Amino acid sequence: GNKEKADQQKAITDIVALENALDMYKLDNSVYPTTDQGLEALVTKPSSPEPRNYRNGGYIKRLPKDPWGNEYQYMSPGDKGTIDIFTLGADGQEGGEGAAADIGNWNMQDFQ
């Protein structure tokens, strides 16, 4: 339970940080990065379509990986909201309970 708890807390903290970074990107550029541009758009200026007011040196120094060693997932346009930011949990797959549960910007509150 304890390590499970710590991992889920880290995931939540990471998603909040990423969402904050994404909001800063939109504040500067008027749009969010697309799915294809990805979270990598927060670290270096993306292409296709290239933003027109990109902050010198990006919006985050590096992308965190999730507690299970996997890259956070990102969709814009999202399925659960305007942008979806999530981890598929311990199992690296959709659905699951306990440490395998998916944690995203749309359901963080449940793990809180």
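Sequential numbering from 1, following the sequence displayed.
- Among the modelled residues of the chain, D102 sits in the lowest third by CA temperature factor in this PDB entry.
- Annotation for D84: C-alpha temperature factor in the middle third relative to the rest of the modelled chain, per the entry.
- Sort the modelled residues of the chain by CA B factor and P49 lands in the lowest third.
- In this PDB entry, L18 carries a Cα temperature factor that places it within the middle third of its chain's modelled residues.
- Looking at the C-alpha B-factors along this chain, the one for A11 belongs to the lowest third.
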